[PDB]
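A short worksheet on the structure shown next.
Naming convention: chains lettered A, B, ... in sequence-line order (proteins, then strands); numbering from 1 in each chain.
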There are 4 protein chains.
Amino acid sequence: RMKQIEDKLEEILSXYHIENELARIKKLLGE
Amino acid sequence: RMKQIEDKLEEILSXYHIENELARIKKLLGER
Amino acid sequence: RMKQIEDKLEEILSXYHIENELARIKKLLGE
Amino acid sequence: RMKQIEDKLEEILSXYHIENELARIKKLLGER
């Protein structure tokens, strides 16, 4: 069950995309 | 406790919608 | 230590704001 | 396992930056 949990944490980790998307949006907005 | 944990994680996972909404905004603002 | 963990999960929960902000941005963008 | 867990959670928490970046975008796009 600890494993299920850690599996859910890796699914949550699969956030950096969101960060990347945001950086890209700011730039498309003219910074 | 551990079922509160698994449930809080399912509540958090239930984020990809956010990523996809951002993918849309980025697409909308992209070069015409 | 289970408590520490559940505390971190409530901190993560404190995401709906992000959703709200996004809905507001789409609307400000002219939908 | 449990330290991998606590560490993955600290890696996730390390989100508020995202909220605040969105608060900025919303502020920028707000009525002049």
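- With salt bridges taken as basic N to acidic carboxylate O contacts below 4.0 Å, one links C/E10 and B/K8.
- Across every non-hydrogen atom of B/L28 and C/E31, the tightest pair is CD2-O, 3.9 Å.
- Heavy-atom distances place the side chain of C/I5, and not its backbone, under 4.5 Å from chain B.
- Proximity to chain B is absent for every atom of C/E21, based on heavy atoms less than 4.5 angstrom apart.
- In this structure, the portion of B/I25 lying under 4.5 Å from any heavy atom of chain C is its side chain and not its backbone.
- B/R32 and B/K27 get closest at one heavy-atom pair: NH2-O, 3.1 Å.
- When all heavy atoms of C/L13 and C/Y16 are compared, the closest pair comes out as O-CD1, 4.2 Å.
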